[PDB]
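In what follows, a single structure is set out as structure tokens and then discussed.
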Amino acid sequence: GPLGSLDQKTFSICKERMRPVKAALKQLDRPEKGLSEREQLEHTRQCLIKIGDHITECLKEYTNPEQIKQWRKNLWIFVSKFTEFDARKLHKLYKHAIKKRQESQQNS
């Protein structure tokens, strides 16, 4: 019924999607400590949006409502393991970034 964790397949799938964004997601587990305050401020957003936008584009790949909805949580869960930020925070924080910045574009 309710399970927990991620399936063995589903685990491999998120690994394969989180290829280019490895730097950003790993910086969310273990941030940098040798930069400025203003530096950190841009840094965390540039990480966050690149992850969350690659998540977004990974999920527009699928067509079925089942898939786009399930992967819309699966990828957030996977990334959330690599940070202090729960998927309840991360989605909200990502939203704040994209919304504020008014970036979104198409076909990036």
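Identifiers in the structure tokens: chain A, B, ... in order shown; residue index from 1 per chain; ligand index from 1 in order shown.
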Residues flagged helix (DSSP H, G or I) by DSSP in chain A, as a PyMOL selection string: chain A and resi 8-17+22-29+37-60+65-81+87-101
Point to revise | Long-range neighbours of range 74-85 of chain A as a list in words, 7 Å cut-off, only C-alpha atoms, 3 positions minimum in chain | key: residues 14, 25, 26, 28, 29, 55, 70, 71, 89 and 90 of chain A
How would the residues just picked look written out with C-alpha atoms as an mmCIF file, in the first residue's frame?
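Contents of out05.cif, as written:
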data_model
loop_
_atom_site.group_PDB
_atom_site.id
_atom_site.type_symbol
_atom_site.label_atom_id
_atom_site.label_comp_id
_atom_site.auth_asym_id
_atom_site.auth_seq_id
_atom_site.Cartn_x
_atom_site.Cartn_y
_atom_site.Cartn_z
ATOM 1 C CA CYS A 14 16.210 9.907 -11.152
ATOM 2 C CA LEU A 25 22.063 19.291 -6.412
ATOM 3 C CA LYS A 26 25.321 18.317 -4.644
ATOM 4 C CA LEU A 28 22.406 21.730 -1.966
ATOM 5 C CA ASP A 29 23.710 18.876 0.277
ATOM 6 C CA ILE A 55 13.127 18.651 -12.994
ATOM 7 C CA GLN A 70 4.199 10.860 -10.113
ATOM 8 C CA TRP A 71 7.526 12.085 -11.559
ATOM 9 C CA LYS A 89 10.222 23.455 1.250
ATOM 10 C CA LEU A 90 12.071 22.905 -2.035
#
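Candidate residues A:35, A:58, A:21, A:93 were compared for distance to residue 72 in chain A, and the nearest is A:58, using only C-alpha atoms.
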